[PDB]
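Let's start with one chain on its own, the form deposited in one PDB entry, as structure tokens.
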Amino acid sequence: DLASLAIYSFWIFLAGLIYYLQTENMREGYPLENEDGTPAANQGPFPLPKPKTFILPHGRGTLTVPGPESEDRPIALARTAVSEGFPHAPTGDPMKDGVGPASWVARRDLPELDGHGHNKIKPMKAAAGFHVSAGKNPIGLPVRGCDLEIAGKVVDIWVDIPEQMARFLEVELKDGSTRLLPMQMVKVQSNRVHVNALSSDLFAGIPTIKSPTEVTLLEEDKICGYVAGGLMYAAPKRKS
């Protein structure tokens, strides 16, 4: 009858849909590799999809996925076992080297632009008309690390102009230079900003940005990866 026909029709449609969906989610990170980087023999049941091409705004070219994958940076790790499946030990400083939870991806050394072609993120001192409108203004507060020591003070907020939100604190260190701190990794309090991820001695190691009025997508990743990695790698200096 007509209802059994409808419910068989649907299950076949759903099989096709799941297939389409699984292959759409294969457009990054494939083909699979062995831990030495050569292509794995077994790539799974579904094949790769035909490539698609994104036209990027503002004259920044195209992207085609799937397409040639390369880390485009050195990975300072070594095998800890003789068979597949075990962890890879850092061979140096995992925070200096950008591995594990401190990892960064080699994105474009360009800033993200808004719908008009201007830099998305600007320090507030250069964003006309932008001010703190609610909450505690962190500018001027000292910054405390997880070792309960003071590493610097907030000298600006870097803001998302089109989305009107704070994205980075700009911290001045005891030697006069500044670093960016992700907003999502600080705790603003009445009389201080507290940073759980980093101990005070690790602030100088935060990657620095090359022009002082803009931050590129690559530097954003290095900064954020570094700060997040301190949760694992700076635990020998965390207190309650």
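For the two forms, the rigid core is made up of the largest set of C-alpha atoms that agree within 1.5 Å on superposition. Shifts are known only where both forms have a C-alpha. When you see a residue number, it is the position in the sequence shown, counting from 1.
Not on display, but discussed next: the form deposited in another entry.
With the rigid core aligned between this form and the one not shown, only one of 57, 31, 212, 49 has a CA shift of 2 Å or more: 31.
For residue 188, the Cα coordinates differ by under 2 angstroms between this form and the one not shown after the core has been superposed. Superposition on the rigid core between this form and the one not shown places the CA atom of residue 173 less than 2 Å from its counterpart.
The rigid-core alignment places the CA of residue 21 2 Å or more apart between this form and the one not shown. Compared with the form shown here, the C-alpha atoms of residue 63 and residue 33 sit at least 3 Å closer together in the other entry. Annotation for the pair residue 88/residue 35: C-alpha atoms recede from each other in the other entry, by 3 Å or more compared with this form.
Against the superposed rigid core, the consecutive-residue runs (3 or more long) showing CA movement of at least 2 Å between this form and the one not shown span 20-44, 235-238.
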